[PDB]
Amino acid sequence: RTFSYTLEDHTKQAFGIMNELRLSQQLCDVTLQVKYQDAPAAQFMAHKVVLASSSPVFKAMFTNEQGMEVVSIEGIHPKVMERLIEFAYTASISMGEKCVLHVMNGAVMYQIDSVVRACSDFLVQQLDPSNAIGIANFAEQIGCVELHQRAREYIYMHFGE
């Protein structure tokens, strides 16, 4: 008859090693160059296949061919991209409250929907009269319909509307 084995946390151990390889700059076939405003240029080595596995945008980019590619990024802060890359390689992201808007914007641009959803839910929790308008505005700018609606609903509710 049949011998069948599953290692539950194999994908975690494997991502651990893929992250080690990233930081050692081993087997990296993509370089992300990030330029923001009047800030120093930042460079991030990574593996196309790991990026494609976490982002439909990277998947579309790289499946549409063998050799180092450079992706030049403008108007995104290096620490935003570093946080998204670390998410792709670890499944985790941790940051100050003031970072959430810039990261959610990053996440949207590379369709890391789970991070968009995490950021969105967080801001809906933090809604108050001071921030409601800014958040609503931001939501409209970056195109997050659900965050915009929750924020607009929270504002017009203060006027029995």
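Numbering starts at 1 and runs along the sequence shown.
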| remark: Per the PDB entry, mean CA B-factor is higher for 31-39 or 91-99, namely for 31-39
| query | Comparing 13-21 with 135-143, which stretch shows the greater average C-alpha B-factor in the deposited entry? | reply | 135-143
| query | Based on the entry's values, in what third of the chain does the Cα temperature factor of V70 lie: lowest, middle or highest? | reply | middle
| said: Quick check for you: using the entry's CA B-factors within this chain, is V57 in the lowest, middle or highest third? | reply: lowest
| Chain third (lowest, middle, highest) by recorded CA B-factor, residue given as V124 | middle
| query | Among the modelled residues of its chain, does the C-alpha B-factor of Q111 lie in the lowest, middle or highest third? | reply | middle
